[PDB]
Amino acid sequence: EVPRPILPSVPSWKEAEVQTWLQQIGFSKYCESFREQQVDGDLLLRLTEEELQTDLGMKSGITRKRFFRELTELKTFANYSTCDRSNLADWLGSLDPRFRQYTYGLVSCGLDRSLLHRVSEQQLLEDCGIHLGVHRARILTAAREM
């Protein structure tokens, strides 16, 4: 029942592939808003609570939670090869498969394996969008060794 394709190249997705994914996850109701707002792969991966509520018209916190549940799954299994030269995806995944979801957040700030050692807690929260403290702490700890 998992949305197809599996292991998708979400960074390179255009509006059309975003549209298809919305259908697969049962969010067809939001296709129009996503289309109007021209959400592509890059924007989907970087979507915030605020943008989802205000710009895409998803008023319910519960609906947003359902949406982020699906987005997290997509992010966890996505192919980041185009944008992830140092393979941060595998580094994160080795710590915990669930951490792979943070790949785009890290590479979008221009982080890579070599720079990761220097990263701060604030940076992981504000710049990389890692909201769960537990996750931040684990990633921080493992980054300080390498």
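From 1 onward, residues are counted along the sequence shown.
Stretches 119-127 and 20-28 differ in mean CA B factor, with 119-127 having the higher one. For the two regions 99-107 and 85-93, the entry's Cα B-factors average higher over 85-93. Comparing the listed residues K59, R69, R46, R113, the entry records the largest Cα B-factor for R113.
Among all modelled residues in its chain, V10 ranks in the lowest third by Cα B-factor.
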